[PDB]
Amino acid sequence: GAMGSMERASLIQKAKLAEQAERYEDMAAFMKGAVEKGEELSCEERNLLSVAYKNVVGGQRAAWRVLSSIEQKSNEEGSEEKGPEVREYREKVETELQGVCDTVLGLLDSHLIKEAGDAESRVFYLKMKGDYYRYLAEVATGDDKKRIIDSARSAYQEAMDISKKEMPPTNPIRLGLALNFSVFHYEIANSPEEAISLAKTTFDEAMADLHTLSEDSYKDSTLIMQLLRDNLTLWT
Amino acid sequence: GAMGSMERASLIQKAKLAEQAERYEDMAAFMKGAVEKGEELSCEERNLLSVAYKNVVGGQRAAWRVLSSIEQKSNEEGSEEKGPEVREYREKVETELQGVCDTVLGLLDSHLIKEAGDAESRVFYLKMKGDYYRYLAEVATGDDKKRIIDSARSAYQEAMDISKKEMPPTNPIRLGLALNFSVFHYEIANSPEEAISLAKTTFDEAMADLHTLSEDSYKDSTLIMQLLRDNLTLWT
Amino acid sequence: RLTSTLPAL
Amino acid sequence: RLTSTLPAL
Ligand SMILES: [Mg+2]
Ligand SMILES: [Mg+2]
Ligand SMILES: [Mg+2]
Ligand SMILES: [Mg+2]
Ligand SMILES: [Mg+2]
Ligand SMILES: [Mg+2]
């Protein structure tokens with residue numbers, strides 16, 4: 001890899017600089033390099049990894065949606081034929097997006113997840129695995145779409161099982177996992193009732209645990225509870 | 001080039017799609033491919049070229065400024081030594097920025113400018129040449145900084161001479177050229193009085209020519225006059 | 001796209 | 001950076 005000659009600590013330092021400069025492709029390449037050093041990631045380092053790739057794939061998802069909308073418009077009735085270009089360029093962006101998802105899933109599989117023993121790391125990485133299979137599922141149309149969806153579901157489910165056994169209901173990782181799994185149910189699995197039930201139950205159980213928290217943890221947890229409520233307002 | 005096998009019209013069509021998707025690196029690569037077909041660019045195509053590279057280099061300039069600020073902070077008194085990383089990464093971004101500027105200048109030199117006979121195209125490309133030497137000058141610190149500054153000045157000056165002979169004072173190209181040349185004077189040439197004089201005279205001469213314009217051209221011209229006034233308010 | 005997930009851009 | 005040039009981002 002191109003980062004093989006740089007010190008792990010320097011890769012982490014430059015990932016943080018790239019974040020400040022809003023250079024998220026650089027940030028992701030630095031954190032990929034850090035992961036490939038082979039040592040486990042600290043909590044702060046895990047969040048750098050997630051932020052970097054989330055911003056990269058988020059730009060690609062936004063672009064793919066714009067191009068997909070145009071492509072569907074061009075396939076309507078009375079729409080003038082304009083050649084293969086829209087499909088070609090949507091396919092180009094889609095392939096780049098799938099490449100980023102495969103890269104993240106490859107890092108989790110080699111070898112972040114198998115080395116993660118603590119609940120906070122293991123749940124974090126399994127949520128990530130579910131997330132990036134979900135982004136693959138958003139663009140999937142072929143014979144393996146069902147298998148991609150089930151890989152997202154399976155990763156989210158293992159993360160949920162661990163989070164419910166090992167973490168309090170206000171834990172931000174647990175909350176963010178349930179938020180995203182709920183959107184998986186609504187958007188990918190065509191199960192809006194499961195999505196609503198998960199979001200409501202997650203919100204209610206966190207509400208009842210807030211009294212145990214410090215002011216700073218209370219702010220951390222209520223921020224994500226508000227996102228659960230935002231989705232519930234969207235959906236009901 | 002990687003775009004050598006794609007039709008000119010498809011490159012233009014995909015540049016417009018990339019703009020809608022806010023994929024400006026793609027947009028720039030498509031327009032580079034279109035330029036390298038060797039035919040002159042229409043007015044709309046020239047503006048696609050400018051928008052694409054402006055957005056690419058604008059991201060790099062913003063990033064370079066963030067990193068340069070951090071680097072200067074680390075070179076202050078009492079600032080803890082943190083190693084070569086900040087300088088290295090600022091240099092990485094700076095080199096990528098210079099590469100983009102060199103690419104644009106190479107397109108103008110091979111062979112956009114020498115084929116541009118009409119005032120609207122020739123002034124557009126000479127302004128671009130001045131702009132991208134100006135972005136090189138913003139990061140220049142070595143023995144050729146003076147020569148880089150003079151290349152920006154020379155290109156802007158030839159563009160100004162043609163624009164004053166061949167275009168009305170409200171022409172948006174002429175106005176945008178004077179706007180940018182004025183900022184060159186203020187920021188690069190350390191000549192704020194020249195900057196102010198150019199912006200005021202440009203504004204006043206456009207004001208007196210507005211009566212000749214249609215409602216749509218009036219809106220086009222006054223939009224850029226407002227930018228001249230914004231700078232004057234900054235500077236006085 | 002109006003649904004909220006984490007991390008956010 | 002507060003000065004205005006064209007094109008703008
Ligand atoms: Mg080492
Ligand atoms: Mg393409
Ligand atoms: Mg129901
Ligand atoms: Mg042809
Ligand atoms: Mg570097
Ligand atoms: Mg004076």
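Every chain is numbered from 1 and lettered A, B, ... according to where its sequence line falls, protein lines coming before strand lines.
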Of all residues at least two apart in sequence or in a different chain, which pass the salt bridge (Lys or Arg N to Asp or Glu O under 4.0 Å) check with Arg61(B)? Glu138(B)
According to side-chain contact (heavy atoms from CB on, under 4.5 Å), who are the partners of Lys73(A), at least two apart in sequence or on a separate chain? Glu76(A)
According to ring-ring contact (aromatic ring centres under 6.0 Å, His included), who are the partners of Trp235(B), at least two apart in sequence or on a separate chain? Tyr186(B)
Could you tell me whether a side-chain N or O of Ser74(B) sits under 3.5 Å from a main-chain N or O of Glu71(B), the two making a donor and an acceptor? yes
Would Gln13(B) and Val86(A) satisfy side-chain contact (heavy atoms from CB on, under 4.5 Å), going step by step from the backbone distance to the final call? CA-CA 8 Å; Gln13(B) 186 184 346; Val86(A) 170; 4.2 Å; yes
Qualifying ring pair (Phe, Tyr, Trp, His ring centres under 6.0 Å) pairs with a residue from residues 91-111 of chain B, counting only residues at least two apart or across chains: none
With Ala206(B) via side-chain contact (heavy atoms from CB on, under 4.5 Å) - residues at least two apart: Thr170(B), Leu175(B), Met225(B)
Any donor-acceptor pair under 3.5 Å linking the side chain of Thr233(B) with the backbone of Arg229(B)? yes
Where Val183(A) and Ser4(C) come nearest, the two heavy atoms and their spacing: CG2-O, 3.7 Å
side-chain contact (heavy atoms from CB on, under 4.5 Å) assessment of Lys14(A) paired with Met3(A): CA-CA 11 Å; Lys14(A) 290 180 188 183; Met3(A) 301 299 171; over 6 Å; no
Please determine whether a side-chain nitrogen of the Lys or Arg among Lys16(B) and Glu85(A) lies less than 4.0 Å from a carboxylate oxygen of the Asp or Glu. no
Heavy-atom donor-acceptor pair, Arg122(B) side chain to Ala159(B) backbone, under 3.5 Å: no
Determine whether a donor-acceptor pair (N or O, by modelled atom type, separation under 3.5 Å) exists between the side chain of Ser197(B) and the backbone of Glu193(B). no
Do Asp230(B) and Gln226(B) meet the criterion of a side-chain donor-acceptor pair at a distance under 3.5 Å? yes
Verify the neighbour count for atom CD of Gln20(A): are there more than 12 heavy atoms of other residues, nucleotides or ligands below 6.0 Å? yes
Do any N or O atoms from the side chain of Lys32(B) and from the backbone of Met27(B) form a donor-acceptor pair under 3.5 angstrom? no
Test of understanding: with ring-ring contact (aromatic ring centres under 6.0 Å, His included), list the residues that count as partners of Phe30(A), not counting sequence neighbours. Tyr89(B)
Considering residues, nucleotides and ligands other than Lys114(B), do more than 12 of their heavy atoms fall under 6.0 Å from its NZ? yes
Expected output: side-chain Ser182(B) to main-chain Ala178(B) donor-acceptor under 3.5 Å: no
Between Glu88(A) and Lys92(A), does any NZ, NE, NH1 or NH2 come within less than 4.0 Å of an OD or OE carboxylate oxygen? no
Rounded to the nearest 0.5 Å, what separates atom NZ in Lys37(A) from atom CG in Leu11(A)? 5.5 Å
Is the count of non-hydrogen atoms from other residues, nucleotides or ligands lying under 6.0 Å from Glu25(A) atom CD greater than 12? no
Does the pair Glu91(B)/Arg87(B) count as a salt bridge with the N-to-O cut at 4.0 Å? yes
For residues 46-57 of chain B, which residue pairs qualify under side chain to side chain donor-acceptor pair (under 3.5 Å), counting only residues two or more places apart or in two chains? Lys54(B)-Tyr135(B)
Are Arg1(C) and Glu187(A) close enough for a salt bridge, meaning some N to O gap below 4.0 Å? yes
With sequence neighbours excluded, tell me which residues meet side-chain contact (heavy atoms from CB on, under 4.5 Å) with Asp161(B). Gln157(B), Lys165(B)
Sequence neighbours excluded, the answer for ring-ring contact (aromatic ring centres under 6.0 Å, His included) partners of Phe203(B) is none
Residue pairs passing the salt bridge (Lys or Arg N to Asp or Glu O under 4.0 Å) test with at least one member in residues 147-157 of chain B, sequence neighbours excluded, are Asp144(B)-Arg147(B), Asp150(B)-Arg153(B)
Any donor-acceptor pair under 3.5 Å linking the side chain of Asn180(A) with the backbone of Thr5(C)? no
Restricting to non-hydrogen atoms, name the atom on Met31(A) and the atom on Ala15(A) that form the minimum distance, rounded to 0.1 Å. SD-CB, 3.5 Å
Checking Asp118(B) side chain against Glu120(B) main chain: does a donor-acceptor pair fall under 3.5 Å? no
When you measure from the side chain of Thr222(B) to the backbone of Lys219(B), do you find a donor-acceptor pair of N or O atoms at a distance under 3.5 Å? yes
Contact list for residues 146-174 of chain B, test ring pair (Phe, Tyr, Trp, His ring centres under 6.0 Å), sequence neighbours left out: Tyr156(B)-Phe181(B), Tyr156(B)-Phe184(B)
Residue set satisfying side-chain contact (heavy atoms from CB on, under 4.5 Å) with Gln72(A), at least two apart, ordered chain then number -> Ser68(A)
Of all heavy-atom pairs between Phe124(A) and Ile173(A), which one has the smallest distance, and what is that distance? N-CG2, 4.2 Å
Can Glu205(B) and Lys164(B) be counted as an ion pair, charged N to O under 4.0 angstrom? no
Is the shortest side-chain heavy-atom distance between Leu136(A) and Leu105(A) below 4.5 Å? yes
Measuring from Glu44(A):CD to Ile12(A):CD1, what's the distance to the nearest 0.5 Å? 8.5 Å
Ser121(B) to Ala116(B) - nearest heavy-atom pair and separation: OG-CB, 3.5 Å
Please check if the side chain of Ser154(B) supplies one atom and the backbone of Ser151(B) the other of a donor-acceptor pair under 3.5 Å. no
